[PDB]
Amino acid sequence: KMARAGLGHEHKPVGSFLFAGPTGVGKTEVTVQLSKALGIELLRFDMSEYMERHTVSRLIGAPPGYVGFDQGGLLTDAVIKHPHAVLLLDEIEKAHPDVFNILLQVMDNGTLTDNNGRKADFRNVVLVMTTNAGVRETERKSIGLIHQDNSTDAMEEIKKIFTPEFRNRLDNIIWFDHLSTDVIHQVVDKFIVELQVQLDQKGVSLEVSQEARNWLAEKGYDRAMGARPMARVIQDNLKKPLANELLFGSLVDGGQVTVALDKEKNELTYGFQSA
Amino acid sequence: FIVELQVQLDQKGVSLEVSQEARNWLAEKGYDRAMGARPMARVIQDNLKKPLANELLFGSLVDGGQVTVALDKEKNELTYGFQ
Amino acid sequence: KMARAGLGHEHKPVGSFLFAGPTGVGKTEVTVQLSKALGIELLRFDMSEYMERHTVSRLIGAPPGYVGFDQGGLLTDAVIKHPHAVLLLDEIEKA
Amino acid sequence: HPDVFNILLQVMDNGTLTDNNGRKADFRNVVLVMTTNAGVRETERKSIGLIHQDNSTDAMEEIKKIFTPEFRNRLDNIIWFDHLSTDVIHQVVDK
Amino acid sequence: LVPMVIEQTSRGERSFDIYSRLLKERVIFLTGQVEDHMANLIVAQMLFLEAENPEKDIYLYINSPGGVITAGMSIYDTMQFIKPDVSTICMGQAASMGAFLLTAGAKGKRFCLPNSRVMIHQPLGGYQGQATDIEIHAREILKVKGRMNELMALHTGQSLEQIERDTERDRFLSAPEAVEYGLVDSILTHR
Amino acid sequence: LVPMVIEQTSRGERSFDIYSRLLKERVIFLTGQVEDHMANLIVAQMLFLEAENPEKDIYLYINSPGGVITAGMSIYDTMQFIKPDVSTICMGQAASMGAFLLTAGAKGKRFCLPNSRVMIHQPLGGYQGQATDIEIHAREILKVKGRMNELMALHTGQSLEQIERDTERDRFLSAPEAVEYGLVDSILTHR
Amino acid sequence: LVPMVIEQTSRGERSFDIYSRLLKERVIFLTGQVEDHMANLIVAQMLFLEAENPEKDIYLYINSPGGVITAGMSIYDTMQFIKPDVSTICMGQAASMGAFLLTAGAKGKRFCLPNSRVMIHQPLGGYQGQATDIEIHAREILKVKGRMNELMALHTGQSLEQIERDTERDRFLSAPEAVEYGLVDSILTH
Amino acid sequence: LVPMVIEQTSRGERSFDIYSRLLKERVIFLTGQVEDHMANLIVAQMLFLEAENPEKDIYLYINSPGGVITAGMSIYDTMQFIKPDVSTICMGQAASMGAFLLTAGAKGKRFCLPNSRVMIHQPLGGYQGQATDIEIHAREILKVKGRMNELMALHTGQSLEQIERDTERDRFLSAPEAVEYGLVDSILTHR
Ligand SMILES: Nc1ncnc2c1ncn2[C@@H]1O[C@H](COP(=O)(O)OP(=O)(O)OP(O)(O)=S)[C@@H](O)[C@H]1O
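So the protein sequences, as listed, match chains A, B, C, D, E, F, G and H. Per this note's numbering, the very first residue in the first sequence carries number 6; after that it's consecutive. Per this note's numbering, the very first residue in the second sequence carries number 62; after that it's consecutive. Per this note's numbering, the very first residue in the third sequence carries number 314; after that it's consecutive. Per this note's numbering, the very first residue in the fourth sequence carries number 813; after that it's consecutive. Per this note's numbering, the very first residue in the fifth sequence carries number 47; after that it's consecutive. Per this note's numbering, the very first residue in the sixth sequence carries number 47; after that it's consecutive. Per this note's numbering, the very first residue in the seventh sequence carries number 189; after that it's consecutive. Per this note's numbering, the very first residue in the eighth sequence carries number 47; after that it's consecutive.
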């Protein structure tokens, strides 16, 4: 909102954002929606690969070829290609401290200089970061005869992992609240709905019991991994059994499918009708 | 610093008046012996620029072009009047 | 003033000065407040980044037959590009 | 080099690739498979004790580091291979 | 000697003593006869933990076979003014000072193991000197015994007369008996 | 002096003591007479190992001549509490307390060296004081004797009545005889 | 052995002893019989803290069972000399010399734990030798006795005659009772 | 156990013991009975400081109850020999040897705490054996007493006869009296 009003230094970047918590906390969702709402191309660079001298050179260097002079800095040229594009960074804790220092430079002056001589302006790009320090500490159990909760404040982790100047230049520390069980139940419905629409084209109709959605939710979703395992859990559980029948069996024609669980054995029971 | 902020607002069309007592309060918090005058830029940035920007886009500032800065003795926090 | 008057060093820089004082007292601002007044370019290098032996090669460039030969030295490129400018070195002690 | 992963990434997502001639290749019909030797690494050395202790390698630790995350996520399943059992080895003898 | 233990951190590998790593997890070990020298170390550990994270609770194991009356109160006094709850899981054995420290733990956090033995006897001290000095000393040391019963009564919840009768002579209580008397609570023993 | 051993870690060379390096492999040495201070180290070692990897099993090499019963109980109580199976490999000698810990190990993981010798006897304790104090103090000794027989008999599997007669006097059991008695599952004659 | 507690700093992690870590927070711990070497350690710690931050107050935990009278005076004089107020905290038994350091603490910040006890007694020592030598030594301890009572009375504010009466005979004072005497300003609620 | 303290430098943090950190500021500490080993350390500290900065003054804190005269002579010789002016501050108490070193401080920089006590007396050295040996030893001790009295007279400024009368027997002296006597220039005043 500050940038739109215009009561700010021109060189200072449009916005500074931060994200904390487990992997898959809607960093892609909010960023994609934010980019869509602002009509700016979404540009995402992953710090997870920047863990070696060759890889860290990629920000301002040209890994594809030394002979190649047009590409220059891959991260830098991305800003040049799209002036308004948002820059999404993830798992920055992994990256070396020296790489993180260059980020501080651009944040202060709002400009960068490539090795080839190109100059990039950060006045038109918003920079957001994602951190997953919380999962590592909380999962660990205290070394005691009686265990204790090891959850820690996200802000505490940002302070230790990053230098004080980074927080000072940063406008504010933003901590995203953790996922809720109600959202996970809705997420399960969305995947089934996605699978449902895909089956309707082939002519197969799938019906899922409300209890079945809850059953997958407990085992699938994980606190440390967020909603990432639930997605994978829905694919193997539902696509694999029907797949055999679709090629040969009752579901070759008609496509009548029913999904239910048995409380006694606590296992999903699949009913196939030739129809 | 207030002159710089006032000059920036003047171009936008808003006039800012800061109480003399308010300037003294900002000086003590912004200036630190070990850090010298380094935090004064951040204090002025967060405290004054952020609230004014909200009204500039929509509020009293967009319609009236007037703003004022005051200090609350009981709360020891700056109070801004928008007109 | 002596440099313009013709009494400046023939081969040395116009002036070499070291500012030792508390941080935030205006040492850095004198450098950026003199370039604007003089209307000349400002060259600023972060000495803190150059905290290891390998970093010095960045300013002068890597020798022939190495990855960095293609990329010119940061300091040499900046001064050649801007012969008349103000060179600002901050946190020199950490260098 | 990792450059190839970009070609595989484009091939996997788009399902087509363009060469210098510019002809379009159909990758939908072809099935792409790869073999990596990262899994060969194992802790052969036994525990320092009177009784040996089994050692389990971290799941896909080397595979995760060597390959990029976006490329790895695109892969449907990172299939693993377990060490051949003694009973299984007997079957191989017959072959 | 203390074996070194490696704790993995994002910054890198770090080495700590076995006692040091446990302290990092708010675990304090009380061993041997209580004394001013050892008590100060326990007090120092408690103060450090409070400043590090007052929200998280502290733990204090008790394996002492006795101690000094003055030294034990210093540990007890520290627990009162520090916000973190000082859990008291007795290990192996307890005594006059150990039991006082063991029961001193916050209600619901105090615990004891099955084979641990909790001995509770009245404080005993010996002094010699002038008749006038002994008389004043005798009343004051006796006052400390009364103070222990009053403090013991609060945690145990029994009347000062009951504790005085039980503590008049040396008493040995089994772990189930100790739980019934209010000194400690049973461990969860679930994994 | 304890020798230093180097670990060929990929990140960097790690310097360790002979005991520390073995501790990293879940190996603990119960060497010397049982005591409050030495027992505390074993308890700290077990806690660290359990937290690091509760799935893996812990090993205990007992080469001690026995000692204070109360200190040993801490090791016994912690051995069962922690999830990792506490393997007990008697080496050289096993006294009454050392033997008690040997049986405490998880069933199927107790072993004795071919020439290891075990010894089991009743706890020896004495008290001096007023007649009333000796009676109550003596009563706890007999009560503890019953407790050791009950716990020892459970792991060993021998009847309670047989344990009392055998425990009355010193009983030296050779390594093969220990397997017959039930103290250890088998003997590690060779690899 | 003493545990080693790491510190968190922007540059990195530094390992410190439990005593050294508390010293970083202007916390000093006093324990054991007072000695020349022990007293010098406390004096050195106080001087270092004063130089680090004169404005920030220092804290002292006294659990002394008594010791050399002369050694204790060094701590008292250093405490008075240093600008920061010393918040003496009686966490355990305090003898005549230990109690004097507690009273020596700057007024308004003295504290005593509820269950801790403070014993005050006259300085006592024994010298053997010629009749002339004992008299010289007797005068010194007699002179020192007046000095201790006078200085203790000044900090506490109690009458010098009254404190001398209590000091000559061994006496114990509870933490609530000590507040009435004026040795400590108030007890710590929590 | 001596606590460590960190001093900030441009390069980074530097860890030094409390004694060494104060030694960096030219503050030497004298403690305990004087002896050859402790005296060797004191003179070593003085020589190191002289090379670092000859102009700056050295501060010796004397808190010794007396020691061997021979070791003290080394400290006295070094203090006078070094160009830096040594400022001797009597902490707690100063005995015959401690007072002698305190008086040896450069004029204008000697101080005594208000509660410090200075005691001066003749040497107590003695020898036993054959009459011939005692006679030679007896002659030597008088020379040290005469030399010590003459040296004390020079710094204090009193006459040789006066010093002999004061040192014939133990003469305990108060801190304010020392200023009048001339041992120290003036008392240190608290803020
Ligand atoms: N005499 C002065 N008059 C006006 N502003 C001053 C004066 N002295 C210092 N400042 C201000 O102090 C702030 C920092 O001074 P610098 O010397 O630039 O220190 P610095 O550590 O480089 O600061 P940063 O860049 O804000 S971290 C700037 O806002 C200066 O304008």
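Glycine included, C-beta positions come from ideal geometry on N, C-alpha and C.
Start-to-end residues for the beta strand (DSSP E) that takes in F:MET198: No beta strand (DSSP E) contains F:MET198, which is instead part of the alpha helix (DSSP H) from 177-202.
Closer than 8 Å to chain C by CB, B:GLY97: Judged by the 8 Å Cβ criterion, B:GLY97 is in contact with chain C.
Run of the alpha helix (DSSP H) containing F:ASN86, from where it starts to where it stops: 82-98
Counted within 10 angstroms of its Cβ, other Cβ atoms place E:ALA221 as buried (16 or more) or exposed: buried
Integer Cβ distance of E:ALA141 from E:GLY113, believed to fall under 8 Å: With 8 Å as the limit, E:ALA141 and E:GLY113 qualify as a contact, their Cβ atoms being about 7 Å apart.
Sequence-distant residues of the same chain with beta carbon closer than 8 Å to E:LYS191, five excluded per side: Counting only Cβ-Cβ distances below 8 Å, and skipping sequence neighbours, we find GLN168, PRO169.
Neighbour list for A:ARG9 in chain B, Cβ cutoff strictly below 8 Å: Chain B residues near A:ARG9: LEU118.
Candidates F:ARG215, F:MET194, F:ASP212, of which the one nearest F:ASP123 by Cα: F:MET194
Chain E within 8 Å of A:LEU23, Cβ atoms only: no
Within 8 Å, strictly: CB atoms of F:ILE166 and F:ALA145: yes
3 or more residues per run - each beta strand (DSSP E) lying fully within the stretch 108-165 of chain H: 132-136
Burial state of G:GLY293 (16 or more Cβ within 10 Å): It is buried - the Cβ of G:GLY293 has at least 16 other Cβ atoms within 10 Å.
Contacting residues, own chain, Cβ-Cβ under 8 Å from E:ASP82 (five flanking each side not counted): For E:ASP82, where only same-chain residues beyond five positions count, the Cβ hits under 8 Å are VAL114, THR116, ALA117, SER120.
Where F:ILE209 falls: helix, strand or coil (DSSP): Taken through DSSP and simplified to helix, strand or coil, F:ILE209 comes out as helix.
CB contact below 8 Å: A:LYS146 versus chain F: Chain F, which has a Cβ nearer than 8 Å to the Cβ of A:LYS146, makes this yes.
Status (buried if at least 16 other CB within 10 Å, exposed otherwise) for D:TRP892: D:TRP892 is classed as exposed because its beta carbon has fewer than 16 other beta carbons within 10 Å across all chains shown.
Delimiting residues of the beta strand (DSSP E) encompassing G:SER203: 201-205
Proximity test, Cβ basis, 8 Å: E:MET119 and chain G: yes
Residue range of the unbroken alpha helix (DSSP H) whose run includes D:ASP899: 898-906
Any chain A beta carbon closer than 8 Å to C:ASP403: no
Top-ranked residue by Cα proximity to H:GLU59, from H:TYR65, H:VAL51, H:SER66: H:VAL51
Beta-carbon proximity of residue 131 of chain G to G:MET267, cut-off 8 Å: Chain G is shown only over 189 to 378; residue 131 of chain G falls outside these bounds and no answer can be derived.
Classification of A:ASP119 by the beta-carbon crowding that lies within 10 angstroms, buried from 16 upward: buried
Residue-chain proximity (F:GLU186, chain E), Cβ-Cβ < 8 Å: yes
Interfacial residues, the stretch 68-98 of chain E to chain A, with Cβ spacing under 9 Å: Answer in chain order: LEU68, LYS70, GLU71, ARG72, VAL73.
Straight-line gap, B:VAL75 to B:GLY142 (C-alpha atoms, nearest Å): 13 Å
Neighbour flag for A:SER53 against chain D, beta carbons, 8 Å: So, interface residue.
C:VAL338 beta carbon near ligand 1 (any heavy atom closer than 7 Å): yes
Where B:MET96 falls, given that 16 or more other Cβ within 10 Å makes a residue buried: So B:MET96 counts as exposed.
heavy atom of ligand 1 below 7 Å from B:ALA98 C-beta: yes
G:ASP358 classed as buried or exposed, judged by whether at least 16 other C-beta atoms fall within 10 angstroms: G:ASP358 is buried by the Cβ-count criterion.
Sufficient close CB pairs (3 or more, under 8 Å) joining the stretch 25-39 of chain A to the stretch 229-243 of chain A: yes
C-alpha gap between A:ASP258 and A:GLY225, whole angstroms: 31 Å
Proximity test, B:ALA102 beta-carbon vs ligand 1 heavy atom, cut-off 7 Å: B:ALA102 Cβ: within cutoff of ligand 1.
Reference A:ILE107, options A:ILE65, A:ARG145, A:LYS268, closest by Cα: A:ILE65
Check whether F:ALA97 and A:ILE197 have beta carbons under 8 Å apart: no
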